[PDB]
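This report concerns only the one structure given below.
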Number of protein chains: 2
Amino acid sequence: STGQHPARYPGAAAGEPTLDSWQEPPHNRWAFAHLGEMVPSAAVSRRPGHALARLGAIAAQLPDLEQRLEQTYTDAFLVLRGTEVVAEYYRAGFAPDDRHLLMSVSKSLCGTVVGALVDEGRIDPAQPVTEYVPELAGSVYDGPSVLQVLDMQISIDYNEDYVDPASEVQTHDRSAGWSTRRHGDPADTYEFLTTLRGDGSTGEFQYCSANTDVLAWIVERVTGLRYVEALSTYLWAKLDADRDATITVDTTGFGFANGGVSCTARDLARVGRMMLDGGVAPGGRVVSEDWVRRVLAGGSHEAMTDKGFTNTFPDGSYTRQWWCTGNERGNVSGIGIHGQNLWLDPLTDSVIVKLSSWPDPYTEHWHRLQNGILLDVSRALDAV
Amino acid sequence: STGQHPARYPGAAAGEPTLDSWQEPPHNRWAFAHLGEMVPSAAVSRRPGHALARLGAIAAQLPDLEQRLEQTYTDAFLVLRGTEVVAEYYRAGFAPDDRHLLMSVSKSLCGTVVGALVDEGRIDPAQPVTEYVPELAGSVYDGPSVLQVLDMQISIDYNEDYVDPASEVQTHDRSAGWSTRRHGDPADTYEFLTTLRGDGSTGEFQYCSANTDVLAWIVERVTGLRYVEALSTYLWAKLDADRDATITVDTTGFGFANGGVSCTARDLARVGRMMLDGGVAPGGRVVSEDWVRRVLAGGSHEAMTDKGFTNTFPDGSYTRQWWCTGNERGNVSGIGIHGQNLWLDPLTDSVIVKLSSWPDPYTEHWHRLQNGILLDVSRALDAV
């Protein structure tokens, strides 16, 4: 059992509705107004072919920028300097207001929600995960603190070989509805998390998507709100965003916190703006100044043993769901497979959003190219 | 085999992507920008509890209208007189701009798209269905004309007992993704349609959702456009709608034309406005004056043998995916289970939209109450 979870709607029974009961009362009153949460759906455009390139200023310092963006399968690119959009690019077929999957950049958004609750005193990072989710007792999450989840410093037996269906990475997707279920798979994301094990060691960084979903579970237990609603109340609704964001949900309505969020490039930049504004957004304070300061400061360098990161950023680290480069510019970034970045350049008070679709989820090649672009653009923003 | 279908995206292979391949290239470039079409998803509100009742004028003639709306599980109600919204009602929990499933009102929208293509000479209603969809040869759709599909005058062995999983009605839902698939089910909606049989007789009205999906299939074969896109290009994009509409899609991306469309009440009213404006919308002509005239004129009365309709509307009929009351007011309406109506009252140049969630899909009781409200509101709009 995975314990109590926020009802899909007021008064809903556990796990209701399902794909087989949404047309039945009392579920239908809610379902008829949120069918996209139950059945895959397409948008029927209210609006009746070529790339949009407005690289403005930086175009002078980076003459071949558009070509570099094309080479890295860029779908949407936006640079926000202060409160002004100084550069934009959208591939042919992708509108400026179209939404794009964030993959793991979604994690940085989840960490933000956790930070807001820490500020309220609803979550104590020093407390064990089991203080909030007792049902995780007996799993790899039995013992570690919430902070260790936030910093991903928990050793977990999590096979990342996505070509193998038995791998934890593939099983995680199936449990969440990102892939077709196989006989024996956990019923939902919560159950999948309870199956995870490890040797018990902590302290060393191990990038694992399961950690973020555990954070989302904690958020639900502490607020009583579906993660989908918590993400809106504690973050999205305070950004004065142009459009709602979306998040995939599993069979219980649990948002795939680790990587299922989609939003426009401009709106994602508002998250970065909030971070560079000390945690304050147009609709109110999202997180404390201290939380933002801790994110920018970085995590323990010794815990960071991922050569895929340190070969490029020797003094890099990870904390509270953000990657910290530790470079001379103090760059920090949300990162997602296939080329997603919510990059912060505090020196120039700028935010760089790059949403892409590389053919591969990850290769040293793509990251070298992607980081080269983000760093060059950052430097192009420097006063001269 | 069901023949050629519009690719999910430019250059996509047949049936690609699936729930198990959307993260792979070349599918991912499209998928990352339209994930809701592959995985159930929830909206993360950009906006930070009580019913909204603005029945204005008609409130005087119908003092207990709000109570009557509550009694019929009304979610959204809107009256458009001319170009002005003269009355509105939204239940607590349902915002004025929230979208609502249309169920079979979706059929009237599909018929409109067909009408637009008839105007272009791309579809000849006198032609057999097989002229456009040869793959329907050998099925109940082998012989009947496109007009007979439009008027639903084809005898089909289609069990409507939804409590029985073997029924065509339940199998139809499973084939489309509205319910969990069972071993042996057709792979998609197209395949399901090819399994339908009948005694070969035509001429008598038989309400059957399969007919509308056959129309959508014809639309795709004649335009080369996914029905989702056709619905936008030929209708939605010309309404100057406030929001996009949405439509559920099956595993191939085929929109559930017969009943999967969702939209706001105000936007649905724009469809009615177009009908009362002779087929013209703000973005251009949607259908010909003649098409609208034929819809308002009604279908053959002798073909209409559905007592569930004629007991209330003795001179009623059905044509081109619209129900024609044949009453003294010449009322015509799009109708969907659980209380959905796109009601036209030409006498007062008004459109009445009522989107609900009755606990039951259909009962003589609910329809008596619902029609009583629509008729009373219509009369309340009369000059006095």
Side-chain angles (χ1 to χ4, degrees), chain A residues 19-20 39-42 180-181, chain B residues 1-9 12-22 27 37-38 106-107 110 114 128-144 146 149 152 154-162 164-198 200 206 208-231 247-261:
Chain A
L19 184 61
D20 299 297
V39 185
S41 305
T180 301
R181 293 179 57 72
Chain B
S1 62
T2 57
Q4 188 179 305
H5 300 303
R8 187 81 83 134
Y9 62 77
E16 294 281 17
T18 63
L19 184 61
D20 299 297
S21 69
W22 63 270
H27 322 301
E37 281 199 43
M38 307 303 297
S106 299
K107 296 181 169 59
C110 183
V114 172
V129 173
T130 52
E131 168 59 30
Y132 303 106
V133 185
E135 289 72 17
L136 277 173
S139 73
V140 70
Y141 289 104
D142 185 350
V146 174
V149 178
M152 299 212 181
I154 303 170
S155 188
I156 307 168
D157 180 0
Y158 195 94
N159 190 338
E160 295 283 357
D161 180 52
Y162 54 68
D164 180 357
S167 66
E168 275 70 24
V169 67
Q170 295 296 291
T171 302
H172 190 180
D173 282 0
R174 297 197 302 276
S175 302
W178 264 35
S179 183
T180 301
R181 293 179 57 72
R182 289 178 176 292
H183 187 60
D185 285 338
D188 50 56
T189 309
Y190 306 116
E191 196 192 316
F192 167 72
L193 297 175
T194 69
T195 73
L196 302 178
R197 300 287 182 282
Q206 189 188 312
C208 183
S209 290
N211 289 320
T212 312
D213 293 340
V214 166
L215 290 178
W217 192 348
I218 291 171
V219 168
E220 297 190 324
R221 283 297 285 275
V222 172
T223 65
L225 301 176
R226 295 176 63 200
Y227 180 66
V228 172
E229 193 178 323
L231 180 57
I247 188 172
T248 64
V249 295
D250 67 16
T251 53
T252 73
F254 181 60
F256 199 53
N258 82 84
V261 179

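Protein chains get the first letters and strands the later ones, always in sequence-line order, with residue 1 at the start of each. Note: hydrogens, waters and symmetry copies are ignored here, and every other heavy atom, side chains too, is used.
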Verify whether one side chain among [X] and [Y] offers a donor that lies under 3.5 Å from an acceptor in the other.
X: B:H5; Y: B:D188; result: no
X: A:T180; Y: B:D20; result: yes
X: B:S179; Y: B:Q170; result: no

Return the minimal non-hydrogen interatomic distance between [X] and [Y], and the atom names on each side.
X: A:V39; Y: B:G177; answer: CG1-O, 3.6 Å
X: B:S21; Y: B:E16; answer: OG-OE1, 2.7 Å
X: B:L215; Y: B:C110; answer: CB-SG, 3.9 Å
X: B:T18; Y: B:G15; answer: CG2-O, 3.4 Å
X: B:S167; Y: B:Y162; answer: OG-CA, 4.2 Å
X: B:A230; Y: B:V219; answer: CB-CG1, 3.6 Å

_Looking at B:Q4, I want to see if its CD is surrounded by more than 12 non-hydrogen atoms of other residues, nucleotides or ligands under 6.0 Å._
no
Flag side-chain contact, heavy atom, 4.5 Å: [X] against [Y]:
X: B:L196; Y: B:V214; answer: no
X: B:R182; Y: B:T171; answer: no
X: B:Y9; Y: B:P17; answer: yes

*asked:* Applying the side-chain contact (heavy atoms from CB on, under 4.5 Å) criterion to B:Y141, which one of B:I218, B:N211, B:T130 satisfies it?
replied: B:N211
*Which one of B:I156, B:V140, B:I154, B:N258 satisfies the side-chain contact (heavy atoms from CB on, under 4.5 Å) criterion with B:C208?*
B:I156
*Whether B:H172 and B:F256 hold their rings parallel, tilted or perpendicular, with breakpoints at 30° and 60°*: perpendicular
_Test: salt bridge (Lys or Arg N to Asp or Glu O under 4.0 Å). Region: residues 216-227 of chain B. Which pairs qualify, not counting sequence neighbours?_
B:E37-B:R226, B:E135-B:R221
*Is there a donor-acceptor pair under 3.5 Å between the side chain of B:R181 and the backbone N or O of B:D185?*
yes
*asked:* Once side chain to side chain contact (heavy atoms under 4.5 Å, CB included) is applied, do any residues pair with B:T194, and if so which ones, sequence neighbours excluded?
replied: B:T2, B:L136, B:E191, B:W217
*How long is the gap from OG on B:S175 to CG on B:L193, to the nearest 0.5 Å?*
8.5 Å
*State the NZ-CG distance between B:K107 and B:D213, to the nearest 0.5 angstrom.*
7.5 Å
*List the steps and the verdict of side-chain contact (heavy atoms from CB on, under 4.5 Å) for B:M38 and B:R8.*
CA-CA 11 Å; B:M38 307 303 297; B:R8 187 81 83 134; 3.7 Å; yes
